[PDB]
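> Contents are mmCIF, C-alpha atoms and all ligand atoms; file name run_26.cif:
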```cif
data_protein
loop_
_atom_site.label_atom_id
_atom_site.label_comp_id
_atom_site.auth_asym_id
_atom_site.auth_seq_id
_atom_site.Cartn_x
_atom_site.Cartn_y
_atom_site.Cartn_z
CA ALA A 1 0.86 -0.46 -21.25
CA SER A 2 0.76 3.38 -21.30
CA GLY A 3 3.39 5.38 -19.41
CA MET A 4 2.43 8.02 -16.84
CA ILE A 5 4.46 10.95 -15.47
CA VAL A 6 3.19 13.18 -12.63
CA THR A 7 4.90 16.53 -11.97
CA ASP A 8 4.55 19.42 -9.58
CA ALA A 9 2.64 22.41 -11.00
CA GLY A 10 5.36 25.09 -10.52
CA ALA A 11 9.18 25.55 -10.33
CA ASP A 12 9.80 23.90 -13.75
CA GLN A 13 7.46 20.88 -13.19
CA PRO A 14 9.85 18.38 -11.57
CA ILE A 15 8.73 14.73 -11.89
CA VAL A 16 7.29 13.39 -8.61
CA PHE A 17 5.92 9.97 -9.77
CA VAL A 18 6.28 7.60 -12.73
CA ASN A 19 4.46 4.30 -13.29
CA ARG A 20 6.07 0.98 -14.23
CA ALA A 21 5.30 1.40 -17.98
CA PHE A 22 7.28 4.70 -18.00
CA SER A 23 10.43 2.65 -17.13
CA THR A 24 9.57 -0.09 -19.69
CA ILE A 25 9.15 2.56 -22.45
CA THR A 26 12.07 4.89 -21.61
CA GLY A 27 14.63 2.56 -19.91
CA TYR A 28 14.96 5.03 -16.98
CA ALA A 29 14.41 3.94 -13.35
CA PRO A 30 12.34 6.26 -11.13
CA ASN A 31 15.44 7.34 -9.11
CA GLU A 32 17.06 8.55 -12.43
CA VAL A 33 14.11 10.91 -13.24
CA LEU A 34 12.47 12.06 -9.96
CA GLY A 35 13.06 15.79 -9.39
CA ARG A 36 13.93 16.44 -13.10
CA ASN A 37 11.85 18.17 -15.79
CA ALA A 38 10.75 15.58 -18.40
CA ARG A 39 12.54 17.54 -21.22
CA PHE A 40 15.61 15.25 -20.67
CA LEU A 41 13.66 12.74 -22.84
CA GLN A 42 14.22 15.04 -25.87
CA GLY A 43 17.26 14.95 -28.16
CA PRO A 44 18.80 16.11 -31.44
CA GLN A 45 15.91 15.25 -33.86
CA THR A 46 13.08 16.39 -31.48
CA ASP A 47 10.86 18.94 -33.32
CA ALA A 48 11.40 22.42 -31.75
CA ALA A 49 7.89 23.64 -32.76
CA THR A 50 6.34 20.66 -30.89
CA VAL A 51 8.41 21.50 -27.77
CA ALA A 52 7.27 25.16 -28.00
CA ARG A 53 3.59 24.08 -28.17
CA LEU A 54 4.11 21.97 -25.00
CA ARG A 55 5.86 24.92 -23.29
CA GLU A 56 2.93 27.29 -24.04
CA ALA A 57 0.27 24.73 -23.01
CA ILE A 58 1.96 24.00 -19.65
CA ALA A 59 2.48 27.75 -18.99
CA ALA A 60 -1.32 28.27 -19.53
CA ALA A 61 -2.30 24.93 -17.85
CA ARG A 62 -4.08 23.87 -21.10
CA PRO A 63 -4.49 20.21 -22.12
CA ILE A 64 -2.36 19.20 -25.14
CA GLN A 65 -1.44 16.10 -27.14
CA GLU A 66 1.66 15.80 -29.32
CA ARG A 67 3.53 12.98 -31.06
CA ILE A 68 7.10 13.91 -30.02
CA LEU A 69 10.45 12.22 -30.70
CA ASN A 70 12.07 11.15 -27.42
CA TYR A 71 15.17 9.09 -26.53
CA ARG A 72 15.51 6.07 -24.23
CA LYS A 73 18.24 5.99 -21.55
CA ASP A 74 20.38 3.96 -24.07
CA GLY A 75 19.98 6.79 -26.67
CA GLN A 76 17.52 4.94 -28.99
CA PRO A 77 14.85 7.29 -30.44
CA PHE A 78 11.13 6.50 -29.97
CA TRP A 79 7.85 8.26 -30.79
CA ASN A 80 6.07 9.37 -27.59
CA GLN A 81 2.29 9.64 -28.09
CA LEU A 82 2.15 12.27 -25.33
CA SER A 83 -0.89 13.85 -23.67
CA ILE A 84 -0.61 16.31 -20.78
CA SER A 85 -3.32 17.83 -18.61
CA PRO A 86 -3.41 19.85 -15.41
CA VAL A 87 -4.82 18.52 -12.14
CA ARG A 88 -6.92 21.27 -10.47
CA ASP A 89 -8.66 21.74 -7.14
CA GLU A 90 -12.29 22.98 -7.12
CA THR A 91 -11.15 26.68 -6.92
CA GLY A 92 -9.24 26.00 -10.20
CA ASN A 93 -5.71 26.09 -8.66
CA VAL A 94 -3.27 23.79 -10.52
CA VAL A 95 -2.03 21.08 -8.09
CA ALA A 96 0.03 18.99 -10.58
CA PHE A 97 0.37 17.94 -14.21
CA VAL A 98 -0.13 14.41 -15.53
CA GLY A 99 1.43 13.17 -18.76
CA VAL A 100 0.59 9.91 -20.52
CA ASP A 101 2.56 8.14 -23.26
CA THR A 102 -0.22 6.12 -24.96
CA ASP A 103 0.71 2.53 -25.93
CA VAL A 104 -0.01 2.46 -29.74
CA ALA B 1 -2.84 23.80 -0.34
CA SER B 2 -4.85 20.85 -1.77
CA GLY B 3 -3.81 17.24 -1.29
CA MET B 4 -3.42 14.89 -4.22
CA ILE B 5 -3.75 11.07 -4.24
CA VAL B 6 -2.80 8.94 -7.27
CA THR B 7 -4.07 5.34 -7.33
CA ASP B 8 -3.75 2.36 -9.62
CA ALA B 9 -6.73 2.01 -12.01
CA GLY B 10 -7.54 -1.61 -11.22
CA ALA B 11 -8.27 -4.08 -8.44
CA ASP B 12 -9.48 -1.70 -5.65
CA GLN B 13 -7.32 1.34 -6.54
CA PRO B 14 -4.33 1.13 -4.15
CA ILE B 15 -2.57 4.47 -3.51
CA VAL B 16 0.71 4.81 -5.45
CA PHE B 17 1.56 8.50 -4.72
CA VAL B 18 0.51 11.33 -2.40
CA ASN B 19 1.76 14.93 -2.39
CA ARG B 20 2.98 16.81 0.71
CA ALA B 21 -0.35 18.64 1.27
CA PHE B 22 -2.08 15.22 1.60
CA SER B 23 0.11 14.59 4.70
CA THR B 24 -0.58 18.13 6.05
CA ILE B 25 -4.36 17.59 5.69
CA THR B 26 -4.66 13.93 6.83
CA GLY B 27 -1.74 13.45 9.27
CA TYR B 28 -0.62 10.32 7.32
CA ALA B 29 2.94 9.95 5.97
CA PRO B 30 3.31 8.39 2.48
CA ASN B 31 4.67 5.16 4.16
CA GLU B 32 1.36 4.81 6.05
CA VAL B 33 -0.90 4.96 2.94
CA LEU B 34 0.96 3.47 -0.09
CA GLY B 35 -0.73 0.23 -1.26
CA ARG B 36 -4.03 1.00 0.54
CA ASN B 37 -7.44 1.97 -0.81
CA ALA B 38 -8.23 5.56 0.34
CA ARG B 39 -11.42 4.40 2.17
CA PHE B 40 -9.35 4.33 5.45
CA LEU B 41 -9.99 8.14 5.46
CA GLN B 42 -13.68 7.40 6.25
CA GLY B 43 -15.24 6.77 9.65
CA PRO B 44 -18.48 6.42 11.58
CA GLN B 45 -20.09 9.82 10.65
CA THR B 46 -19.16 9.54 6.93
CA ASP B 47 -22.35 9.65 4.79
CA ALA B 48 -22.99 6.17 3.30
CA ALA B 49 -24.91 7.60 0.29
CA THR B 50 -21.86 9.77 -0.59
CA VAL B 51 -19.59 6.70 -0.35
CA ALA B 52 -22.00 4.79 -2.66
CA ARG B 53 -21.83 7.60 -5.27
CA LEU B 54 -17.99 7.46 -5.12
CA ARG B 55 -18.02 3.64 -5.43
CA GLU B 56 -20.28 3.65 -8.51
CA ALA B 57 -18.41 6.55 -10.22
CA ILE B 58 -14.97 4.95 -9.70
CA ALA B 59 -16.26 1.55 -10.93
CA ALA B 60 -17.46 3.32 -14.14
CA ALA B 61 -14.27 5.50 -14.35
CA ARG B 62 -16.54 8.60 -14.24
CA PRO B 63 -15.22 11.86 -12.70
CA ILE B 64 -16.98 12.78 -9.42
CA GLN B 65 -16.87 15.60 -6.86
CA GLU B 66 -18.26 15.19 -3.32
CA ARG B 67 -17.93 16.86 0.08
CA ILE B 68 -17.24 13.91 2.42
CA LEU B 69 -16.46 13.62 6.13
CA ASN B 70 -12.99 12.11 6.59
CA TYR B 71 -10.69 11.51 9.55
CA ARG B 72 -7.04 12.32 10.19
CA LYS B 73 -4.71 9.49 11.25
CA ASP B 74 -5.23 10.36 14.98
CA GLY B 75 -9.05 10.40 14.50
CA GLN B 76 -9.82 14.16 14.14
CA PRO B 77 -12.66 14.70 11.64
CA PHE B 78 -12.39 17.06 8.67
CA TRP B 79 -14.62 17.89 5.71
CA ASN B 80 -12.94 16.89 2.43
CA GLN B 81 -13.96 18.66 -0.78
CA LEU B 82 -12.93 15.67 -2.90
CA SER B 83 -12.58 15.51 -6.71
CA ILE B 84 -11.66 12.21 -8.41
CA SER B 85 -10.94 11.74 -12.14
CA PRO B 86 -9.61 8.87 -14.22
CA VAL B 87 -6.34 9.37 -16.10
CA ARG B 88 -6.99 7.99 -19.61
CA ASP B 89 -4.63 7.27 -22.48
CA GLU B 90 -5.65 8.31 -26.02
CA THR B 91 -7.30 4.86 -26.60
CA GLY B 92 -9.56 5.63 -23.56
CA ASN B 93 -7.83 3.01 -21.29
CA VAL B 94 -7.75 4.08 -17.62
CA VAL B 95 -4.08 4.35 -16.53
CA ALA B 96 -4.72 5.66 -12.96
CA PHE B 97 -7.10 7.73 -10.86
CA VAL B 98 -6.23 11.12 -9.37
CA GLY B 99 -7.99 12.56 -6.34
CA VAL B 100 -7.71 16.12 -5.04
CA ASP B 101 -8.53 16.75 -1.35
CA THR B 102 -9.29 20.19 0.11
CA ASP B 103 -9.95 20.56 3.86
CA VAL B 104 -13.07 22.82 3.89
CA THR B 105 -13.92 22.36 7.60
CA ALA B 106 -15.62 25.72 8.54
CA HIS B 107 -11.30 24.01 12.44
CA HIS B 108 -10.48 27.16 14.47
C1 LIG C 1 3.44 16.03 -16.64
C2 LIG C 1 4.40 16.31 -17.75
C3 LIG C 1 4.88 15.27 -18.52
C4 LIG C 1 5.75 15.47 -19.58
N1 LIG C 1 6.21 14.43 -20.30
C5 LIG C 1 7.04 14.65 -21.34
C6 LIG C 1 7.55 13.56 -22.13
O1 LIG C 1 7.24 12.36 -21.90
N2 LIG C 1 8.37 13.88 -23.15
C7 LIG C 1 8.72 15.15 -23.46
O2 LIG C 1 9.49 15.33 -24.45
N3 LIG C 1 8.29 16.20 -22.76
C8 LIG C 1 7.48 15.98 -21.71
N4 LIG C 1 7.01 17.04 -20.98
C9 LIG C 1 7.33 18.39 -21.43
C10 LIG C 1 8.59 19.01 -20.93
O3 LIG C 1 8.64 18.78 -19.53
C11 LIG C 1 8.57 20.52 -21.19
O4 LIG C 1 7.38 21.10 -20.67
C12 LIG C 1 8.65 20.85 -22.68
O5 LIG C 1 9.91 20.38 -23.15
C13 LIG C 1 8.46 22.33 -23.00
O6 LIG C 1 9.18 23.19 -22.11
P1 LIG C 1 10.68 23.65 -22.37
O7 LIG C 1 10.67 24.43 -23.67
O8 LIG C 1 10.95 24.51 -21.15
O9 LIG C 1 11.52 22.41 -22.43
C14 LIG C 1 6.16 16.84 -19.88
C15 LIG C 1 5.70 17.89 -19.10
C16 LIG C 1 4.82 17.68 -18.05
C17 LIG C 1 4.31 18.84 -17.22
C1 LIG C 2 -7.78 8.50 -6.59
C2 LIG C 2 -8.75 8.26 -5.46
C3 LIG C 2 -8.76 9.09 -4.34
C4 LIG C 2 -9.65 8.93 -3.30
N1 LIG C 2 -9.62 9.77 -2.23
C5 LIG C 2 -10.52 9.63 -1.25
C6 LIG C 2 -10.56 10.54 -0.11
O1 LIG C 2 -9.75 11.49 -0.02
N2 LIG C 2 -11.50 10.30 0.82
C7 LIG C 2 -12.40 9.28 0.74
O2 LIG C 2 -13.27 9.18 1.66
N3 LIG C 2 -12.42 8.43 -0.30
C8 LIG C 2 -11.50 8.57 -1.24
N4 LIG C 2 -11.52 7.69 -2.31
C9 LIG C 2 -12.61 6.72 -2.42
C10 LIG C 2 -12.40 5.38 -1.81
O3 LIG C 2 -11.12 4.91 -2.22
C11 LIG C 2 -13.50 4.40 -2.30
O4 LIG C 2 -13.54 4.38 -3.73
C12 LIG C 2 -14.88 4.77 -1.79
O5 LIG C 2 -14.91 4.66 -0.38
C13 LIG C 2 -16.01 3.94 -2.41
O6 LIG C 2 -15.75 2.56 -2.43
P1 LIG C 2 -16.12 1.57 -1.22
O7 LIG C 2 -17.64 1.62 -0.97
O8 LIG C 2 -15.69 0.26 -1.78
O9 LIG C 2 -15.27 2.03 -0.04
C14 LIG C 2 -10.59 7.84 -3.36
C15 LIG C 2 -10.57 6.99 -4.45
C16 LIG C 2 -9.69 7.17 -5.51
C17 LIG C 2 -9.73 6.25 -6.69
#
```
For the structure just supplied, provide its representation as structure tokens.


Amino acid sequence: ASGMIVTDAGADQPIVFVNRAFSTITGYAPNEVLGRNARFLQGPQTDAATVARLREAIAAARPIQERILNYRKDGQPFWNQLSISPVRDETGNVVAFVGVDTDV
Amino acid sequence: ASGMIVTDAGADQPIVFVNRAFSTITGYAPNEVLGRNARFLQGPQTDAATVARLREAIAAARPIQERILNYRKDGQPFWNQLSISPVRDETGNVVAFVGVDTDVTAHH
């Protein structure tokens, strides 16, 4: 099943909701991640250029997909097939971001 | 501020998360709505044709926007400028639905 992360729009996009698959994939429980920016999933071999593309897309509220190296709670690396998009109201204000880690 | 509702994709879309603005707009605390289908926001003056369009769009996982009459927990009506979209993974599987609620009542 595909993981899902919901964040606030501002103040460094703290995580406000994760689905069950997020915990299966990453080994983190919700209480270990709520209120944190999702960048804690990154580690030593994460590609800096990929991180910079995510940073620019979120700053501009642009949809983006990246295959990014992340790390489980136990330190094991995994490929995250990540897609992020903004959630907007009908006046175009960004209410939240949603990220998905696609299962295969 | 606009409310946000996240639901499960399947089996009548129970609410799994609401933001703070949802509680400001609707008068419901998260405790009072988690595990429920959002249709409890509707009431006797809600337009049935609008509800039918929402039902068919959600069943098809098609994005939809409607202005719909909804009701706060204590029964006060409000007009909801509602936008619902599926959250899809890259294979096209629906992971969740997200709804954004804006109170557009012309109240005070
Ligand atoms: C909704 C959402 C979900 C995210 N999920 C992930 C993720 O699963 N893995 C990851 O490495 N980064 C994820 N990010 C990206 C980081 O939070 C951060 O935006 C990125 O590392 C770039 O910013 P930085 O250079 O400030 O770290 C997510 C961001 C958002 C808004
Ligand atoms: C994510 C999401 C958010 C929703 N938010 C609202 C809402 O704010 N107000 C509302 O009247 N219906 C809302 N609905 C629609 C109802 O849950 C339901 O789909 C609609 O009433 C049509 O189905 P029914 O005829 O079976 O009730 C939402 C649905 C989803 C999936």

> Go through B:35, B:30, B:14, B:43 one by one, measure the shortest atom-to-atom distance of each to residue 75 in chain B using all atoms listed in the file, and give the residue with the smallest value.

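The shortest atom-to-atom distance to residue 75 in chain B comes from B:43.
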
> Using all atoms listed in the file and a cut-off of 9 Å, which residues of chain A sit close to chain B? Please list them as a list in words.

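In the required form, that comes to residues 1, 2, 3, 4, 8, 16, 17, 19, 65, 81, 82, 83, 87, 88, 89, 90, 93, 95, 96, 98, 100, 101, 102, 103 and 104 of chain A.
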
> At most 6 Å is the cut-off: for each residue in chain A with any atom that close to an atom of ligand LIG 1 (chain C), write down the nearest atom pair and the distance in Å rounded to one decimal, counting all atoms listed in the file, chain first then increasing number, as JSON lines.


```
{"residue": "A:5", "atom": "CA", "partner": "C:LIG1", "partner_atom": "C3", "distance": 5.3}
{"residue": "A:6", "atom": "CA", "partner": "C:LIG1", "partner_atom": "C1", "distance": 4.9}
{"residue": "A:7", "atom": "CA", "partner": "C:LIG1", "partner_atom": "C1", "distance": 4.9}
{"residue": "A:13", "atom": "CA", "partner": "C:LIG1", "partner_atom": "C17", "distance": 5.5}
{"residue": "A:37", "atom": "CA", "partner": "C:LIG1", "partner_atom": "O3", "distance": 5.0}
{"residue": "A:38", "atom": "CA", "partner": "C:LIG1", "partner_atom": "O3", "distance": 4.0}
{"residue": "A:39", "atom": "CA", "partner": "C:LIG1", "partner_atom": "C10", "distance": 4.2}
{"residue": "A:41", "atom": "CA", "partner": "C:LIG1", "partner_atom": "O2", "distance": 5.2}
{"residue": "A:42", "atom": "CA", "partner": "C:LIG1", "partner_atom": "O2", "distance": 4.9}
{"residue": "A:51", "atom": "CA", "partner": "C:LIG1", "partner_atom": "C13", "distance": 4.8}
{"residue": "A:52", "atom": "CA", "partner": "C:LIG1", "partner_atom": "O7", "distance": 5.6}
{"residue": "A:54", "atom": "CA", "partner": "C:LIG1", "partner_atom": "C13", "distance": 4.8}
{"residue": "A:55", "atom": "CA", "partner": "C:LIG1", "partner_atom": "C13", "distance": 3.7}
{"residue": "A:70", "atom": "CA", "partner": "C:LIG1", "partner_atom": "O2", "distance": 5.7}
{"residue": "A:84", "atom": "CA", "partner": "C:LIG1", "partner_atom": "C1", "distance": 5.8}
{"residue": "A:97", "atom": "CA", "partner": "C:LIG1", "partner_atom": "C1", "distance": 4.4}
{"residue": "A:98", "atom": "CA", "partner": "C:LIG1", "partner_atom": "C1", "distance": 4.1}
{"residue": "A:99", "atom": "CA", "partner": "C:LIG1", "partner_atom": "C3", "distance": 4.0}
```

> Can you work out which one of B:20, B:73, B:108, B:36 has the shortest atom-to-atom distance to residue 7 in chain B, counting all atoms listed in the file?

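Smallest distance to residue 7 in chain B is found for B:36.
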
> Could you check the closest approach to ligand LIG 2 (chain C) for each of B:24, B:11, B:68, B:74 and tell me which residue wins, using only C-alpha atoms and all ligand atoms?

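Of the candidates, the smallest distance to ligand LIG 2 (chain C) is held by B:68.
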
> Is it possible to add N, CA, C and O atoms to range 76-87 of chain B and hand it back as a short mmCIF file (atom, residue, chain, number, x, y, z; two decimals), in the coordinates of the input?


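Produced file part14.cif, reproduced below:
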```cif
data_model
loop_
_atom_site.label_atom_id
_atom_site.label_comp_id
_atom_site.auth_asym_id
_atom_site.auth_seq_id
_atom_site.Cartn_x
_atom_site.Cartn_y
_atom_site.Cartn_z
N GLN B 76 -9.14 12.84 14.20
CA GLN B 76 -9.82 14.16 14.14
C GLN B 76 -10.59 14.25 12.84
O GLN B 76 -10.03 14.06 11.76
N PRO B 77 -11.90 14.56 12.88
CA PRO B 77 -12.66 14.70 11.64
C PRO B 77 -12.27 15.95 10.86
O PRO B 77 -11.92 16.98 11.43
N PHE B 78 -12.48 15.87 9.54
CA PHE B 78 -12.39 17.06 8.67
C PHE B 78 -13.30 16.84 7.47
O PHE B 78 -13.48 15.69 7.00
N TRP B 79 -13.85 17.92 6.96
CA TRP B 79 -14.62 17.89 5.71
C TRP B 79 -13.67 18.00 4.52
O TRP B 79 -12.89 18.95 4.43
N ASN B 80 -13.79 17.03 3.63
CA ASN B 80 -12.94 16.89 2.43
C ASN B 80 -13.77 17.24 1.21
O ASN B 80 -14.73 16.53 0.90
N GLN B 81 -13.42 18.34 0.55
CA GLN B 81 -13.96 18.66 -0.78
C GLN B 81 -13.13 17.86 -1.78
O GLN B 81 -11.99 18.24 -2.05
N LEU B 82 -13.68 16.74 -2.21
CA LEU B 82 -12.93 15.67 -2.90
C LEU B 82 -13.33 15.66 -4.37
O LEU B 82 -14.53 15.67 -4.67
N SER B 83 -12.35 15.63 -5.25
CA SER B 83 -12.58 15.51 -6.71
C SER B 83 -11.74 14.35 -7.24
O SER B 83 -10.54 14.38 -7.04
N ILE B 84 -12.38 13.39 -7.88
CA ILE B 84 -11.66 12.21 -8.41
C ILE B 84 -11.90 12.15 -9.91
O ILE B 84 -13.04 12.41 -10.36
N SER B 85 -10.86 11.87 -10.66
CA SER B 85 -10.94 11.74 -12.14
C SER B 85 -10.07 10.58 -12.58
O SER B 85 -8.96 10.40 -12.07
N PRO B 86 -10.50 9.82 -13.60
CA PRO B 86 -9.61 8.87 -14.22
C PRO B 86 -8.56 9.60 -15.06
O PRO B 86 -8.84 10.65 -15.61
N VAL B 87 -7.39 9.00 -15.13
CA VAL B 87 -6.34 9.37 -16.10
C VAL B 87 -6.47 8.38 -17.25
O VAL B 87 -6.30 7.19 -17.00
#
```
